[PDB]
Amino acid sequence: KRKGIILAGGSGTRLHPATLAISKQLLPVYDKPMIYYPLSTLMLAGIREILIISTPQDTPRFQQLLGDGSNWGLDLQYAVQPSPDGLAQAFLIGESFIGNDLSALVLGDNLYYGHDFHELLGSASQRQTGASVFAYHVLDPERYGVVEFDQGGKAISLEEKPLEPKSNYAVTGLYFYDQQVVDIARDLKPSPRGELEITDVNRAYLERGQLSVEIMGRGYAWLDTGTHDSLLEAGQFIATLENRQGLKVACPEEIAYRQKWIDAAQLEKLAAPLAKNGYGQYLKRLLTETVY
Amino acid sequence: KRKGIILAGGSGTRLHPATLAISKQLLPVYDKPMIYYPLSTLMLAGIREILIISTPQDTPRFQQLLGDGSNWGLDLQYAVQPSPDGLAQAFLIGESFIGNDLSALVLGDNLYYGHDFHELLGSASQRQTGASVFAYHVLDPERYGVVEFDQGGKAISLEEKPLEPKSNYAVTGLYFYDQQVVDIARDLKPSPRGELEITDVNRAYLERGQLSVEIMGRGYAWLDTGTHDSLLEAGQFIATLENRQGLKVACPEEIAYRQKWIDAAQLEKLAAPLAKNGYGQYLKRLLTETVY
Amino acid sequence: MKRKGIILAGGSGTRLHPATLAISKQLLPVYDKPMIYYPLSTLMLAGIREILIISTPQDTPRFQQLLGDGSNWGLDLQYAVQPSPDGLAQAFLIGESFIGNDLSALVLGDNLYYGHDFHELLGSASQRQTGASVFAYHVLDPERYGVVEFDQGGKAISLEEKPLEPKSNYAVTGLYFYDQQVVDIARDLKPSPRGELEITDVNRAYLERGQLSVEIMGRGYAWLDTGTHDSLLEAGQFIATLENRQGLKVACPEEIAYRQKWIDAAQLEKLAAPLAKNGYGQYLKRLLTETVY
Amino acid sequence: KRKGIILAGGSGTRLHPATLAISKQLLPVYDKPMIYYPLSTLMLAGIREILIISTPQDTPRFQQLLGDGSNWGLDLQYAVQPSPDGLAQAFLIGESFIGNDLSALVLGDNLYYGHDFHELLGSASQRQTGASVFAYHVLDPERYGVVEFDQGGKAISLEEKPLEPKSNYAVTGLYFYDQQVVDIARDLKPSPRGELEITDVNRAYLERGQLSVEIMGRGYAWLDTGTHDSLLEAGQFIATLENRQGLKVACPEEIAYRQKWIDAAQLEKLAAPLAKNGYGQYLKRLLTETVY
Ligand SMILES: Cc1cn([C@H]2C[C@H](O)[C@@H](COP(=O)(O)OP(=O)(O)O[C@H]3O[C@H](CO)[C@@H](O)[C@H](O)[C@H]3O)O2)c(=O)[nH]c1=O
Ligand SMILES: Cc1cn([C@H]2C[C@H](O)[C@@H](COP(=O)(O)OP(=O)(O)O[C@H]3O[C@H](CO)[C@@H](O)[C@H](O)[C@H]3O)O2)c(=O)[nH]c1=O
Ligand SMILES: Cc1cn([C@H]2C[C@H](O)[C@@H](COP(=O)(O)OP(=O)(O)O[C@H]3O[C@H](CO)[C@@H](O)[C@H](O)[C@H]3O)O2)c(=O)[nH]c1=O
Ligand SMILES: Cc1cn([C@H]2C[C@H](O)[C@@H](COP(=O)(O)OP(=O)(O)O[C@H]3O[C@H](CO)[C@@H](O)[C@H](O)[C@H]3O)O2)c(=O)[nH]c1=O
Ligand SMILES: Cc1cn([C@H]2C[C@H](O)[C@@H](COP(=O)(O)OP(=O)(O)O[C@H]3O[C@H](CO)[C@@H](O)[C@H](O)[C@H]3O)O2)c(=O)[nH]c1=O
Ligand SMILES: Cc1cn([C@H]2C[C@H](O)[C@@H](COP(=O)(O)OP(=O)(O)O[C@H]3O[C@H](CO)[C@@H](O)[C@H](O)[C@H]3O)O2)c(=O)[nH]c1=O
Ligand SMILES: Cc1cn([C@H]2C[C@H](O)[C@@H](COP(=O)(O)OP(=O)(O)O[C@H]3O[C@H](CO)[C@@H](O)[C@H](O)[C@H]3O)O2)c(=O)[nH]c1=O
Ligand SMILES: Cc1cn([C@H]2C[C@H](O)[C@@H](COP(=O)(O)OP(=O)(O)O[C@H]3O[C@H](CO)[C@@H](O)[C@H](O)[C@H]3O)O2)c(=O)[nH]c1=O
């Protein structure tokens with residue numbers, strides 16, 4: 001059983017004054033709230049029990065939007081991160097929620113998309129020992145956790161936001177962990193950036209020979225919605241796919257239905273109040289159409 | 001003395017689930033909140049005393065964002081519209097705020113842009129009798145209030161969302177009124193579709209020969225953020241201009257400064273807390289650069 | 001086994017007027033490189049090195065100027081003219097001598113495919129040695145396309161070209177793999193009510209013989225076509241977003257050639273040289289010393 | 001009478017490999033060939049007699065697209081620039097075309113748009129002395145000719161592509177000249193950059209107190225299609241305006257009709273060949289719709 005965490009707080013300075021009114025994670029990516037994207041990622045990984053961590057001010061907003069998850073066949077819980085003191089804090093704030101389980105963390109502003117993403121997630125969720133992370137070729141690796149490989153394609157080092165990156169492979173905001181993660185996190189000291197770093201967690205596993213770094217190929221899209229510009233680009237990306245296909249990306253209701261976490265009667269009840277816009281009409285259609 | 005009103009309420013059924021967490025009027029248009037755009041419109045019209053009308057739930061959000069307006073040389077007040085029962089309710093809700101003064105109303109999701117907009121506004125503002133409104137050629141006039149002209153260019157008829165529009169000219173969401181508006185609004189009954197219509201207010205002035213209809217030329221951009229797609233397009237539009245020019249659209253701080261409503265010292269105090277991001281850096285730069 | 005490829009890159013481009021009064025739709029850019037690069041890349045990724053480019057009489061020399069005989073990219077490119085855009089199936093009549101007694105593949109010039117493991121999706125189809133293979137893709141407006149209907153078991157049961165009342169939301173994309181039966185099939189075709197020699201009629205002949213494989217191309221793949229002004233803009237934006245995020249380029253023939261070992265490192269450095277004053281040349285250079293997984 | 005020149009040559013290296021296929025000025029901007037835009041600019045300035053200069057290979061292609069211009073009420077002529085040796089060569093190549101007339105040069109890859117652009121053009125075009133150029137605030141002045149002003153608003157220096165710009169005002173790719181330009185261009189020698197510079201022509205006028213630098217306000221769009229990114233952005237801009245308005249930008253047939261250079265019957269005849277598409281349909285619509 002893997003438990004899931006969505007880390008959806010974080011500093012808002014950058015996006016002010018746009019996000020003076022709204023935390024980044026509540027802004028729409030095209031036609032739905034940003035949080036639906038990472039939420040769908042956990043769902044596609046087969047995870048139904050999820051802890052959403054956000055700021056004292058946004059946590060109540062998330063609860064209002066998403067409730068307890070029961071309408072979607074999920075178990076959502078919530079916790080507050082008082083200060084954005086680092087990704088790895090997720091595992092301290094989430095210690096009691098995780099228990100003795102395996103886990104997965106996804107970042108609030110990370111959007112993934114592509115063919116057979118469900119299988120890629122399935123493959124990582126099924127390795128019960130160590131940790132799995134994903135490496136993606138990017139233009140500006142200095143902005144991210146960076147992973148270096150040897151001549152044989154094997155991962156050999158990690159560095160957080162290196163001044164002189166050793167590769168162009170970023171470690172994306174999606175992480176699968178075994179039961180070792182909490183104690184690793186508990187032992188960390190803040191980096192010089194003043195954060196409790198997920199890269200330090202991932203390095204702990206790498207130093208024990210227990211970090212699986214899978215390449216997320218260039219056929220996938222991995223987008224960061226963290227700037228005004230990237231938020232725009234991501235909206236256009238989603239729009240182009242949805243308008244071409246007549247299918248929506250990261251509709252939790254659809255995913256719950258396809259996974260059999262809710263039945264047709266439940267989906268029909270979710271479509272009603274949204275019946276007057278394209279979203280509800282979309283849900284209704286999924287009841288009478290086979291989609292492969 | 002002309003007072004301003006921003007009508008910033010409205011139903012969110014359309015934009016759900018994106019606007020399930022945030023109403024249309026608080027969503028960013030690229031890099032700043034939507035309400036900054038119509039606010040800037042009033043400011044460019046020389047209006048400093050402005051009433052913001054929103055939903056019960058949104059008024060405190062607007063208040064948090066904007067305060068009393070004193071930081072920007074403005075006098076901002078707030079009122080609530082309990083149900084989106086028509087644009088003309090603005091004059092009932094704002095009857096006391098208006099007093100015996102002239103007024104202007106702008107719609108919360110309307111974004112205007114172009115060369116000599118400030119002169120177009122000033123001219124309408126200087127007309128102390130009757131009403132003034134603006135007509136703009138559009139592709140789908142059936143979505144809007146539509147104004148018909150005779151062979152000599154005189155406005156002859158108005159119709160709200162006509163099934164068979166008489167022209168391709170939409171009446172935009174920006175209206176200037178004399179003291180007659182409140183009593184005209186007070187005598188209106190709701191339309192078949194159940195709204196107290198701005199088009200009916202406008203028709204009352206037309207039928208007395210006191211409605212001025214100015215053509216807003218194709219050189220201007222008049223956009224609305226009413227839909228997912230149009231918000232995306234409005235974001236791209238603003239981004240292209242800002243990134244080309246190194247100037248921002250609808251920064252209230254800048255407009256206030258340029259209009260002499262706040263001095264250099266006040267502008268510097270506004271920029272400090274935003275100094276870590278591009279918006280604060282922008283305000284500071286405005287103190288040392290002459291922009292024509 | 002060798003399969004031979006065909007790009008159908010003709011037509012009038014009427015929907016794109018007046019932009020296509022200047023150039024063939026297939027020479028217009030999609031973001032940073034000519035549209036034709038994209039379908040060409042698709043054939044290359046299917047392991048196909050010998051490719052006939054069919055175009056209008058006026059545009060044929062323009063493609064010859066851009067691409068040449070293909071030898072610098074390790075390919076064998078040839079050209080033939082379609083006098084009038086009288087149907088996709090005409091590709092097999094125009095290309096009959098080119099095809100000879102070989103397996104073939106046709107890709108449409110304004111079709112742009114992208115996604116994870118597309119390379120393997122192409123290789124599975126290209127490596128078959130019998131029947132026809134085509135791809136079904138869920139779309140919003142199936143009435144604009146060849147449409148495939150399935151029974152409750154997932155089996156293809158009918159094909160209709162541009163149906164006013166589509167039987168499903170699955171379009172048959174502009175990518176087709178054929179065995180040696182196709183030329184004789186095409187030869188017996190008559191113009192449809194639309195006035196064309198239809199690929200859909202070709203595909204129905206295979207279906208009738210139980211020899212049509214319809215593979216679903218899932219929603220994780222992007223299949224776009226640049227037929228409208230709007231569509232072409234959106235395709236450019238899509239490529240741009242990917243390229244700017246990744247530091248990698250989509251459908252660079254020089255890269256794909258180098259990766260398939262059809263050209264060597266020295267060959268690539270040579271291609272990069274004349275292009276080095278721009279970002280595209282710089283990227284080719286970077287590929288010589290960067291391992292990309 | 002002023003005569004016009006469109007410099008539509010150059011290598012277009014920044015656009016490789018797209019411009020291996022085609023001259024940059026033959027590539028579409030959204031819906032019509034790039035060259036329509038600068039052509040429309042000249043036409044909007046009242047100019048009917050225009051010389052189009054391009055490369056040896058492309059000049060014939062422009063002749064094929066546009067012909068002798070008689071069908072649009074113009075007199076279009078062509079000349080080859082053997083090598084892209086500087087904007088000022090347009091005055092040498094075009095020496096005989098110009099004769100003893102006033103002239104104007106517009107760059108092939110520059111796109112202007114905005115309210116009262118026609119009046120802005122008319123003012124400059126109708127002057128009968130000196131040189132007129134336009135200054136536009138930009139984010140990256142180092143890429144352009146840069147004009148500096150004194151405290152009084154008076155232009156005091158010009159630099160081409162300065163590493164350390166003295167201002168954020170670029171001199172755009174539109175230039176109006178009296179009879180002095182040809183002899184000025186004749187005396188120029190190639191710059192450090194290896195080019196016969198328009199900026200050198202402009203400084204010759206500035207030295208004699210005969211350069212009018214007019215500010216093109218932030219209300220106007222001035223874009224150029226020189227990078228892949230900027231060509232994309234220009235296309236989206238045009239698209240947004242065209243789809244909102246149901247009007248098209250830079251349609252030569254329209255402009256010619258509005259200026260009375262062609263009549264209705266002439267216009268019907270031009271739409272006929274284009275009727276099966278949205279562009280022909282638009283021309284037809286112009287015959288029976290009054291557009292203010
Ligand atoms: C630091 C911090 C962040 N966050 C949230 C905010 C965002 O949704 C998300 C990521 O924050 P950002 O600030 O975009 O990304 P950043 O924290 O610089 O980088 C992280 O995210 C990258 C992937 O996006 C990784 O490559 C880096 O290794 C990792 O450290 O996590 C929190 O909820 N709490 C925090 O304390
Ligand atoms: C099912 C579903 C998927 N997605 C997103 C998740 C992924 O980013 C992307 C693609 O979904 P995936 O299920 O990973 O892959 P997809 O291309 O649909 O491929 C599936 O469908 C193909 C066609 O039947 C099969 O041949 C593949 O074996 C199968 O994996 O779409 C959604 O946003 N919502 C969904 O309801
Ligand atoms: C009806 C109503 C609307 N609103 C807000 C929501 C939006 O910011 C703005 C406009 O409402 P919408 O419903 O987008 O636009 P719509 O109401 O269809 O039409 C209005 O706005 C159009 C232009 O935007 C005009 O051409 C029409 O004449 C006028 O009736 O007004 C309110 O705040 N309260 C309301 O009662
Ligand atoms: C007439 C015409 C114009 N344009 C371009 C030129 C400009 O970049 C932009 C706006 O055209 P202009 O004629 O400069 O300006 P516009 O905003 O239409 O304003 C005009 O129309 C207004 C409304 O009737 C008048 O109040 C103004 O006096 C008049 O100048 O559109 C075209 O691309 N094609 C056209 O046919
Ligand atoms: C009819 C015809 C087309 N062409 C070129 C033009 C384009 O690159 C490409 C496709 O032409 P279009 O007119 O977009 O596509 P269209 O003929 O409507 O539809 C075809 O392509 C669709 C996929 O794009 C399929 O779903 C249909 O079954 C198929 O008939 O083929 C030619 O070169 N010659 C032709 O005779
Ligand atoms: C190699 C290459 C690919 N492409 C396009 C074709 C596809 O649309 C898209 C993805 O390329 P593909 O090779 O199909 O798939 P990609 O996501 O890179 O996955 C590969 O790379 C993965 C990461 O190492 C491997 O796990 C996979 O087994 C392998 O198939 O990129 C290009 O445009 N140019 C190229 O040079
Ligand atoms: C040098 C040269 C250029 N051209 C064409 C190419 C373009 O359509 C147009 C401009 O060329 P570009 O090289 O993009 O623009 P660039 O030459 O960097 O700069 C010019 O254009 C800038 C405005 O776009 C100005 O601000 C500069 O003062 C001016 O020198 O002229 C020619 O046809 N022949 C030429 O010799
Ligand atoms: C001053 C200012 C303007 N704007 C918006 C309002 C308009 O949509 C657009 C253009 O502003 P306007 O002031 O109406 O027009 P603009 O093009 O700057 O033209 C001005 O500046 C020109 C150049 O000095 C003068 O020749 C004109 O007479 C003058 O009106 O920019 C802002 O968003 N922020 C601002 O601070």
# chains A, B, ... in the order shown; residues from 1 in each chain; ligands from 1
$ select_by_dssp --residues "segment 88-168 of chain D" --states "strand (DSSP E)" --output "VMD selection string"
chain D and resid 102 to 107 110 to 113 131 to 137 145 to 149 155 to 160
$ closest_atom_pairs --of "chain A" --to "chain C" --cutoff "6 Å" --atoms "only C-alpha atoms" --output "JSON lines"
{"residue": "A:114", "atom": "CA", "partner": "C:220", "partner_atom": "CA", "distance": 4.2}
{"residue": "A:115", "atom": "CA", "partner": "C:220", "partner_atom": "CA", "distance": 3.7}
{"residue": "A:137", "atom": "CA", "partner": "C:246", "partner_atom": "CA", "distance": 5.6}
{"residue": "A:138", "atom": "CA", "partner": "C:246", "partner_atom": "CA", "distance": 4.0}
{"residue": "A:139", "atom": "CA", "partner": "C:247", "partner_atom": "CA", "distance": 4.1}
{"residue": "A:219", "atom": "CA", "partner": "C:116", "partner_atom": "CA", "distance": 3.8}
{"residue": "A:220", "atom": "CA", "partner": "C:116", "partner_atom": "CA", "distance": 5.6}
{"residue": "A:244", "atom": "CA", "partner": "C:139", "partner_atom": "CA", "distance": 5.8}
{"residue": "A:245", "atom": "CA", "partner": "C:139", "partner_atom": "CA", "distance": 3.9}
{"residue": "A:246", "atom": "CA", "partner": "C:140", "partner_atom": "CA", "distance": 4.1}
$ closest_residue --among "B:37, B:237, B:257, B:149" --to "chain D" --atoms "only C-alpha atoms"
B:237
$ residues_around --residues "residue 102 of chain D" --least-positions-apart "2" --cutoff "9 Å" --atoms "only C-alpha atoms" --output "list in words"
residues 1, 2, 3, 4, 98, 99, 100, 104, 125, 128, 129, 176, 177, 178 and 179 of chain D
$ residues_near_ligand --ligand "ligand 1" --cutoff "9 Å" --atoms "only C-alpha atoms and all ligand atoms" --output "ChimeraX atom specification"
/A:6-12,24-25,53-55,81-90,106-110,141,143-146,159-161,170-174,195-199,223-227
$ residues_near_ligand --ligand "ligand 8" --cutoff "9 Å" --atoms "only C-alpha atoms and all ligand atoms" --output "PyMOL selection string"
(chain B and resi 37+40-41+44+112-121+220-221+247-259+291-292) or (chain D and resi 114-115+136+214-220)
$ write_last_selection --atoms "N, CA and C atoms" --output "compact mmCIF listing (two decimals), in the first residue's frame"
# COMPACT_ATOMS: atom_id res chain seq x y z
N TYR B 37 -7.09 45.53 -14.50
CA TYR B 37 -7.34 46.02 -15.84
C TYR B 37 -8.50 47.02 -15.88
N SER B 40 -7.69 50.13 -13.86
CA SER B 40 -6.72 51.02 -14.58
C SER B 40 -7.52 51.85 -15.59
N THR B 41 -8.53 51.22 -16.19
CA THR B 41 -9.43 51.98 -17.07
C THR B 41 -10.06 53.19 -16.37
N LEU B 44 -7.54 55.82 -15.74
CA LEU B 44 -7.08 56.52 -16.94
C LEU B 44 -8.12 57.51 -17.36
N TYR B 112 -9.43 46.62 -21.90
CA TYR B 112 -9.24 47.51 -23.07
C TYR B 112 -7.77 47.81 -23.27
N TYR B 113 -7.32 48.02 -24.51
CA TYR B 113 -5.94 48.45 -24.72
C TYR B 113 -5.80 49.14 -26.02
N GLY B 114 -5.09 50.25 -25.98
CA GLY B 114 -4.60 50.82 -27.26
C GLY B 114 -4.14 52.26 -27.14
N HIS B 115 -3.71 52.75 -28.27
CA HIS B 115 -3.11 54.08 -28.40
C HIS B 115 -4.13 55.17 -28.27
N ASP B 116 -3.84 56.11 -27.36
CA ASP B 116 -4.73 57.24 -27.05
C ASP B 116 -6.06 56.82 -26.41
N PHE B 117 -6.03 55.69 -25.72
CA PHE B 117 -7.16 55.30 -24.85
C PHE B 117 -7.41 56.36 -23.81
N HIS B 118 -6.34 56.92 -23.27
CA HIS B 118 -6.60 57.89 -22.26
C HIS B 118 -7.36 59.11 -22.79
N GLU B 119 -7.15 59.52 -24.05
CA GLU B 119 -7.87 60.65 -24.64
C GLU B 119 -9.33 60.29 -24.96
N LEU B 120 -9.57 59.05 -25.38
CA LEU B 120 -10.89 58.54 -25.69
C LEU B 120 -11.72 58.59 -24.39
N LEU B 121 -11.11 58.15 -23.29
CA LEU B 121 -11.75 58.21 -21.96
C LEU B 121 -12.04 59.64 -21.51
N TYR B 220 -7.84 49.46 -31.52
CA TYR B 220 -7.85 49.06 -30.15
C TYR B 220 -8.16 47.60 -30.00
N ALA B 221 -7.64 47.04 -28.93
CA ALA B 221 -8.03 45.71 -28.46
C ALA B 221 -9.09 45.84 -27.35
N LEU B 247 7.56 47.39 -20.64
CA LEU B 247 6.52 48.15 -19.93
C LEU B 247 5.38 47.23 -19.56
N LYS B 248 4.74 47.49 -18.43
CA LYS B 248 3.62 46.68 -18.02
C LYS B 248 2.28 47.35 -18.34
N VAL B 249 1.28 46.54 -18.67
CA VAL B 249 -0.09 47.04 -18.88
C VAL B 249 -0.85 47.04 -17.58
N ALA B 250 -1.54 48.12 -17.34
CA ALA B 250 -2.48 48.22 -16.15
C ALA B 250 -1.85 48.02 -14.75
N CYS B 251 -0.64 48.55 -14.56
CA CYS B 251 -0.03 48.68 -13.24
C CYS B 251 -0.61 49.97 -12.53
N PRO B 252 -1.50 49.80 -11.56
CA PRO B 252 -2.10 50.96 -10.91
C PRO B 252 -1.06 51.90 -10.30
N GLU B 253 0.01 51.30 -9.80
CA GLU B 253 1.03 52.09 -9.14
C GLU B 253 1.63 53.07 -10.15
N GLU B 254 1.92 52.58 -11.35
CA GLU B 254 2.47 53.42 -12.38
C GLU B 254 1.51 54.55 -12.78
N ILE B 255 0.24 54.19 -12.98
CA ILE B 255 -0.76 55.17 -13.44
C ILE B 255 -0.94 56.25 -12.40
N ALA B 256 -0.98 55.84 -11.16
CA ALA B 256 -1.15 56.78 -10.06
C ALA B 256 0.02 57.80 -10.03
N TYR B 257 1.21 57.27 -10.21
CA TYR B 257 2.46 58.03 -10.23
C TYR B 257 2.45 58.98 -11.39
N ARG B 258 2.16 58.47 -12.58
CA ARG B 258 2.11 59.32 -13.79
C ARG B 258 1.06 60.43 -13.75
N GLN B 259 -0.06 60.16 -13.06
CA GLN B 259 -1.15 61.12 -12.85
C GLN B 259 -0.92 62.06 -11.66
N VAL B 291 9.62 57.75 -19.36
CA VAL B 291 8.82 56.96 -20.32
C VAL B 291 7.81 57.90 -20.93
N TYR B 292 7.86 58.05 -22.24
CA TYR B 292 7.00 58.98 -22.94
C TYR B 292 5.61 58.43 -23.22
N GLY D 114 -2.07 49.54 -34.67
CA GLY D 114 -2.70 50.26 -33.55
C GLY D 114 -3.61 51.38 -34.01
N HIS D 115 -4.31 51.91 -32.97
CA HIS D 115 -5.25 52.99 -33.18
C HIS D 115 -4.63 54.23 -33.71
N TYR D 136 10.38 53.69 -30.11
CA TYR D 136 9.47 52.81 -29.44
C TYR D 136 10.21 52.17 -28.28
N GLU D 214 9.72 60.89 -33.83
CA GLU D 214 8.39 60.86 -33.25
C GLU D 214 8.28 59.65 -32.36
N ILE D 215 7.77 59.87 -31.15
CA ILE D 215 7.53 58.76 -30.24
C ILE D 215 6.28 57.95 -30.71
N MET D 216 6.45 56.64 -30.88
CA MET D 216 5.38 55.72 -31.13
C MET D 216 5.07 55.15 -29.76
N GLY D 217 3.92 55.57 -29.26
CA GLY D 217 3.48 55.19 -27.96
C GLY D 217 3.23 53.72 -27.69
N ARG D 218 3.18 53.44 -26.37
CA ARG D 218 3.06 52.09 -25.87
C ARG D 218 1.74 51.50 -26.28
N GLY D 219 0.81 52.36 -26.68
CA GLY D 219 -0.44 51.87 -27.23
C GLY D 219 -0.40 51.11 -28.54
N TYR D 220 0.65 51.33 -29.32
CA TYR D 220 0.90 50.64 -30.57
C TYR D 220 1.64 49.35 -30.32
$ residues_around --residues "segment 65-71 of chain B" --least-positions-apart "3" --cutoff "8 Å" --atoms "only C-alpha atoms" --output "NGL selection string"
(:A and (20-21)) or (:B and (61-62 or 74-77 or 262 or 266 or 270))
$ write_last_selection --atoms "N, CA, C and O atoms" --output "CSV table (one decimal), in the first residue's frame"
chain,number,residue,atom,x,y,z
A,20,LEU,N,-1.5,37.3,-5.3
A,20,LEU,CA,-1.6,38.1,-4.0
A,20,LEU,C,-2.9,37.7,-3.6
A,20,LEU,O,-3.3,37.7,-2.4
A,21,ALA,N,-3.7,37.3,-4.6
A,21,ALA,CA,-5.1,37.0,-4.3
A,21,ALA,C,-5.2,35.5,-4.2
A,21,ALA,O,-6.0,35.0,-3.4
B,61,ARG,N,-12.3,39.6,-0.3
B,61,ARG,CA,-11.1,39.2,-1.0
B,61,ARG,C,-10.6,40.5,-1.7
B,61,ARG,O,-9.4,40.7,-1.7
B,62,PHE,N,-11.5,41.2,-2.4
B,62,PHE,CA,-11.1,42.4,-3.0
B,62,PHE,C,-10.5,43.4,-2.0
B,62,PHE,O,-9.6,44.1,-2.3
B,74,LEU,N,-6.2,56.8,-4.3
B,74,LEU,CA,-7.6,56.5,-4.7
B,74,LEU,C,-8.5,56.4,-3.4
B,74,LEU,O,-8.0,56.3,-2.3
B,75,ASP,N,-9.8,56.5,-3.6
B,75,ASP,CA,-10.8,56.3,-2.5
B,75,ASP,C,-11.7,55.1,-3.0
B,75,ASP,O,-12.5,55.3,-3.8
B,76,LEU,N,-11.3,53.9,-2.5
B,76,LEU,CA,-12.1,52.7,-2.9
B,76,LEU,C,-13.0,52.3,-1.8
B,76,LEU,O,-12.7,52.3,-0.6
B,77,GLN,N,-14.3,52.1,-2.3
B,77,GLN,CA,-15.3,51.5,-1.5
B,77,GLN,C,-15.9,50.2,-2.1
B,77,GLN,O,-15.6,49.8,-3.3
B,262,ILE,N,0.3,60.0,-6.5
B,262,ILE,CA,1.3,59.6,-5.4
B,262,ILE,C,2.6,60.2,-5.9
B,262,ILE,O,2.9,60.3,-7.1
B,266,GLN,N,6.4,57.9,-2.3
B,266,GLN,CA,5.3,56.9,-2.1
B,266,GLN,C,5.5,55.8,-3.0
B,266,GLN,O,5.4,54.6,-2.6
B,270,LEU,N,6.0,51.7,-2.2
B,270,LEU,CA,5.2,50.6,-2.8
B,270,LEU,C,6.1,49.5,-3.3
B,270,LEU,O,5.8,48.3,-3.2
$ residues_near_ligand --ligand "ligand 5" --cutoff "8 Å" --atoms "only C-alpha atoms and all ligand atoms" --output "PyMOL selection string"
chain C and resi 8-13+25-26+54-56+82+84-91+108-111+144-147+161-162+171-175+196-200+225-227
$ residues_around --residues "residue 273 of chain D" --least-positions-apart "4" --cutoff "12 Å" --atoms "only C-alpha atoms" --output "PyMOL selection string"
(chain C and resi 14+17-18+21) or (chain D and resi 267-269+277-281+283-284)
$ write_last_selection --atoms "N, CA and C atoms" --output "compact mmCIF listing (two decimals), in the first residue's frame"
# COMPACT_ATOMS: atom_id res chain seq x y z
N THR C 14 -5.98 25.40 -50.10
CA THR C 14 -7.04 26.44 -50.12
C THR C 14 -7.41 27.02 -48.72
N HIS C 17 -5.20 29.98 -47.68
CA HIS C 17 -5.10 31.20 -48.45
C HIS C 17 -5.22 32.41 -47.53
N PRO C 18 -4.50 33.50 -47.82
CA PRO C 18 -3.55 33.62 -48.94
C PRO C 18 -2.08 33.23 -48.62
N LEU C 21 -0.54 31.07 -51.15
CA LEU C 21 -0.40 31.53 -52.52
C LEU C 21 1.13 31.66 -52.68
N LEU D 267 -13.18 44.88 -56.56
CA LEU D 267 -13.05 44.09 -55.34
C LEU D 267 -13.79 42.77 -55.44
N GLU D 268 -15.01 42.75 -55.99
CA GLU D 268 -15.76 41.50 -56.22
C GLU D 268 -14.92 40.55 -57.07
N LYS D 269 -14.26 41.12 -58.05
CA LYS D 269 -13.49 40.31 -58.97
C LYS D 269 -12.29 39.66 -58.28
N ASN D 277 -12.63 30.06 -49.53
CA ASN D 277 -12.00 30.14 -48.22
C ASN D 277 -12.37 31.41 -47.42
N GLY D 278 -11.94 31.47 -46.15
CA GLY D 278 -12.39 32.53 -45.25
C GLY D 278 -11.93 33.91 -45.70
N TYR D 279 -10.85 33.97 -46.48
CA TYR D 279 -10.26 35.24 -46.94
C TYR D 279 -11.06 35.87 -48.08
N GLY D 280 -11.46 35.07 -49.06
CA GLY D 280 -12.33 35.49 -50.14
C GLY D 280 -13.69 35.88 -49.60
N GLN D 281 -14.22 35.05 -48.71
CA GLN D 281 -15.52 35.34 -48.06
C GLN D 281 -15.46 36.71 -47.34
N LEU D 283 -13.46 39.36 -48.07
CA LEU D 283 -13.54 40.40 -49.09
C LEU D 283 -14.96 40.61 -49.57
N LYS D 284 -15.70 39.54 -49.74
CA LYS D 284 -17.07 39.67 -50.20
C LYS D 284 -17.93 40.39 -49.21
$ atom_distance --atom1 "atom CA of residue 275 of chain C" --atom2 "atom CA of residue 14 of chain D"
9.7 Å
$ atom_distance --atom1 "atom CA of residue 103 of chain B" --atom2 "atom CA of residue 48 of chain B"
11.6 Å
$ residues_around --residues "residue 79 of chain B" --least-positions-apart "3" --cutoff "8 Å" --atoms "only C-alpha atoms" --output "PyMOL selection string"
chain B and resi 51-54+59+93-94
